[PDB]
2 protein chains.
Amino acid sequence: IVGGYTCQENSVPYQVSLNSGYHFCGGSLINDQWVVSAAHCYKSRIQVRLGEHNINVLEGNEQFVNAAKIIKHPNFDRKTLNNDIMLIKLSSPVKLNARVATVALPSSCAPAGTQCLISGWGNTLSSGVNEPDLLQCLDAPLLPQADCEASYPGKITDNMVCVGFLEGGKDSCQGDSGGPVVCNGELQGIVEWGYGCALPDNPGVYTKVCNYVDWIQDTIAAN
Amino acid sequence: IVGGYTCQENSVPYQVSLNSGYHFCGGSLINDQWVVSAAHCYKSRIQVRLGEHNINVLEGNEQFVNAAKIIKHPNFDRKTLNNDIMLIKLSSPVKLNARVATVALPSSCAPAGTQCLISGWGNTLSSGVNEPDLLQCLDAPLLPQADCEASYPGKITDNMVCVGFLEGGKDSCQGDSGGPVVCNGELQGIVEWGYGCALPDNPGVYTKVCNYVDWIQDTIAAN
Ligand SMILES: [Ca+2]
Ligand SMILES: [Ca+2]
């Protein structure tokens, strides 16, 4: 997260870190046994860590659970990043509590102009790389599709939404990916991509979760 | 390497990749059993890979050897990055050949104005992150200490040198670190640090190898 702020400890309880001997992506806990992430975050073996604040320090709220089933959206298109969504069924249920809680699937597609919360342990710099210890927060609005499309000529699909600022300086970056964008307590997006980070005119692109509620449910059910 | 070019296959034979289940730093082969790198590149277990071009493809010239002794400069100062130099004695000698060759230690400190060659599998973007497959090359001059210091008020030590362009767009970036900067066939620097990457007025800083010839020799000898 570039230009964000350090989240109040255990304020983003649905926030999960996709670990593989290093933190490489984020995700959201949608139920005691399921995490939603980005298909570009796929790995054959993943350790999902919940209740994390400081990814480098054992603070005592952490729950570490192996991924059992890692299921990418079947129409995942690595070229375009269309359907860049994946589900992870944990090997066993987590203990929901104060710092290990779930987030609601979108009831509706949120309108442009809605204020969302983006979180992650993603790069925090606009140029070069800096990986933070503490989870980072960012308040940002959902931008009108027109601007999205304007920023990314012919690359925005209907399952993509831009969130951020046209002016730059504030954005999600590498490492935040597969991470959540929550609006009015519902998961509306997933950290997807953008050109550079926090660059003026280069809004961050996100997978539009409201386009997959069915898929998510069906899959969860079927597994 | 930002704004560099793809090196002619096996043109930088002294170039090594510090692997730990992923490429994380570069280094130089100074002899059949020794690699010089950056202390900030230290890890308890390292796999040194030589004869690499495409870090993701087995092309048949690769030699993969475990690090036996990983020795950081004793005055390594993690805070300032002073003495950011480390030696790796391989577990066994490599087969020197056409794409697995050594580089000379500096006979003298190279003057400002000298053209060097910087190489690495380091980030290739000025904003965001992109890891290349093929080794990247960069021709850049050694800048006058005055400019170095000017770019980094009170952070440049006498064992640091700036190399690059004040205008930006061309530089070393994260992942190039511990990597070589060769001038007239001698190793004059090690990829160290800089603010962002390829940013105007933010030259890359490098460890001045000519200040450690003795240390290198003494250590090599002593081990
Ligand atoms: Ca922790
Ligand atoms: Ca190779």
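In what follows, the structure referred to is the one given above.
Residues numbered from 1 in each chain as written, not as in the entry; some residues may be left out. Chains lettered and ligands numbered in written order. Heavy atoms only, no water.

Some points on the overall build of chain A
Inference 1: Counting secondary structure elements, chain A contains two helices and 13 strands.
Inference 2: Expected size for 223 residues packed as a compact globule is a radius of gyration near 17 Å; at 16 Å, chain A falls within 12% of this value.
Inference 3: Across its three principal directions, the C-alpha atoms of chain A cover 45 × 35 × 30 Å.
Inference 4: Taking all 223 residues of chain A together, 59% fall into the buried category.
Inference 5: A sequence separation of at least 24 residues applies to 69% of the contacts in chain A between residues at least 6 apart.
Inference 6: Surface accessibility of chain A: about 9,200 Å² in total, with carbon and sulfur atoms responsible for 48%.
Inference 7: Within chain A, the 21 negative side-chain charges are centred at a point lying 10 Å from the centre of the 13 positive side-chain charges. (Helix = DSSP H or I, 4+ residues; strand = E, 2+ residues; numbered from the N terminus. Rg over C-alpha atoms; globule rule 2.2 N^0.38 Å. Buried < 20%, exposed > 50% of the residue type's maximum accessible area, 1.4 Å probe, protein only. Contact = heavy atoms within 4.5 Å. Areas by Shrake-Rupley, 256 points an atom, 1.4 Å probe, with all protein chains shown as cover. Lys, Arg positive; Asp, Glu negative; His and termini not counted. Charge placed at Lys NZ, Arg CZ, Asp CG, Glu CD.)

Details of the packing of aromatic side chains
Inference 1: All chains considered together, the criterion is met by three aromatic pairs over all chains.
Inference 2: Measuring from ring centre to ring centre gives 4.7 Å for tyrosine 22 of chain A and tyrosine 22 of chain B, while their planes differ by 50°; the resulting arrangement is tilted. Here the residue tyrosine 22 of chain A occupies a position in the loop between β2 (15–19) and β3 (23–31), and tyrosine 22 of chain B occupies one in the loop between β2 (15–19) and β3 (23–31), the pair thus bridging two chains.
Inference 3: A relative accessible area of 31% means that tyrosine 22 of chain A is categorised as partly exposed.
Inference 4: Aromatic pair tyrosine 22 of chain B and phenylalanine 24 of chain B: ring centres 6.5 Å apart, planes at 65°, arrangement edge-to-face.
Inference 5: Under the relative-accessibility criterion, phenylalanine 24 of chain B is labelled buried at 13%.
Inference 6: Cluster of aromatic residues (ring-pair linked, three or more members): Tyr22 and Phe24 of chain A together with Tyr22 and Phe24 of chain B.
Inference 7: A cation over an aromatic ring shows up here: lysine 170 of chain A above the ring of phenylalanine 165 of chain A, its NZ or CZ 5.2 Å from the ring centre.
Inference 8: Its guanidinium or amino end placed over the ring of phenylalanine 24 of chain B, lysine 43 of chain B lies 4.3 Å from that ring's centre, counting from NZ or CZ. (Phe/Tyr/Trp six-rings, centres within 6.5 Å; stacked < 30°, edge-to-face > 60°. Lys NZ or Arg CZ within 6 Å of the ring centre and 35° of its normal.)

Brief notes about helix α2 (residues 213–222) of chain B
All names here are of chain B.
Inference 1: Regarding α2, the residues found buried are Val213, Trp215, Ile216 and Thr219. In a view along the axis of α2, the buried residues occupy a sector of 165°, so they form one face of it. Turned more than 90 degrees away from the buried face of α2, the exposed residues are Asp214, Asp218, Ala221 and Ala222.
Inference 2: Those residues of α2 that are buried lie in contact with β3, β6 (63–72) and β7 (86–90). (Arc of directions from axis to C-beta.)

Quick look at the coordination of the calcium ion (ligand 2)
Residues and elements named next belong to chain B.
Inference 1: Note on the calcium ion (ligand 2): its protein donors are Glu52 (OE), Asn54 (O), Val57 (O), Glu59 (OE) and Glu62 (OE). The metal-donor distances range over 2.1 to 2.7 Å.
Inference 2: All donors of the calcium ion (ligand 2) come from a single chain, and their spacing in sequence reads E-x1-N-x2-V-x1-E-x2-E.
Inference 3: We classify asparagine 54 as buried; its relative accessible area is 10%. (Donors = N, O, S within 2.8 Å, 3.2 Å for Na, K, Ca; no water.)

Some remarks on the sheet that holds β2 of chain B
Either a parallel or an antiparallel arrangement is found when strands of a sheet pair, and the pairing is made through backbone hydrogen bonds.
All names here are of chain B.
Inference 1: Taken together, the six strands give a closed barrel; going around it, the order is β2-β3-β4-β7-β6-β5, and neighbouring strands pair in antiparallel fashion. Here the strands of the sheet are splayed against their neighbours by 40° on average, with no regard to which way each runs.
Inference 2: One ladder, built from three bridges, connects β2 with strand β5 (residues 47–50); its direction is antiparallel. Its bridge partner being in β5, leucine 18 is matched across the sheet by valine 48.
Inference 3: The strands touched by α2 are β3, β4 (34–37), β6 and β7; relative to β7, the strand with the most contacts, the crossing angle is about 30°. (Pairing = 2+ DSSP bridges. Axes fitted to C-alpha atoms, helices over the stretch in contact; angles between N-to-C directions.)

Things to note about the coordination of the calcium ion (ligand 1)
Residues and elements named next belong to chain A.
Inference 1: Those donors, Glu52 (OE), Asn54 (O), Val57 (O), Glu59 (OE) and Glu62 (OE), are the protein atoms that reach the calcium ion (ligand 1), and they lie 2.1 to 2.7 Å from it.
Inference 2: Read N to C, the donor residues that coordinate the calcium ion (ligand 1) are spaced as E-x1-N-x2-V-x1-E-x2-E.
Inference 3: For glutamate 59, a relative accessible area of 31% corresponds to the partly exposed category.

None of this, on its own, says anything about what the molecule does.
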